[PDB]
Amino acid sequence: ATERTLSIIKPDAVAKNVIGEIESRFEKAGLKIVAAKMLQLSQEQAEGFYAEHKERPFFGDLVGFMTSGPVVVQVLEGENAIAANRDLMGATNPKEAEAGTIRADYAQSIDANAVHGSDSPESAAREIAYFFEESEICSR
């Protein structure tokens, strides 16, 4: 089933100016970016998005980094988009990621991994809704 998932090119990947390179991995894999916008997350914005880790000791670092610079939040749409995305991204922890994946090629650490992708249909739906209004998403 064709589905929608949220993807975020993180502060570290944009600073390296590899936005195009990452986009191409998704597009070459048959997924389409149907919504996208570059922005600088506010303390409040990042905290509400990672609310689930609100009380975990890594919270500050998660939010801290993820606010260290501008990012590109977007929506990828395609066949098996959510899982397909997870396959291109690689393991969350760059050091345990298979070669060829985005994290293995562009990430420096857990905090500084290069991208973010929803892990499931349920989270994809709330993650997308959190950053975008239906009008901002243009399927095609």
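The numbering used is simple: start at 1 and walk along the sequence shown.
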| For the C-alpha atoms alone, is the average B factor greater in 110-118 or in 93-101, going by the entry? | 93-101
| Cα B factor band for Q43 (lowest, middle or highest third within the chain) | highest
| Modelled-residue ranking by C-alpha temperature factor, third containing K37 | lowest
| task | Consider only the C-alpha atoms of the modelled residues in this chain, order them by B-factor as the entry records it, and name the third containing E55: lowest, middle or highest. | result | highest
| task | Looking at the entry's B-factor column for C-alpha atoms only, identify whether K10 ranks in the lowest, middle or highest third of its chain. | result | lowest
| Relative C-alpha B-factor of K16, binned into the chain's lowest, middle or highest third | middle
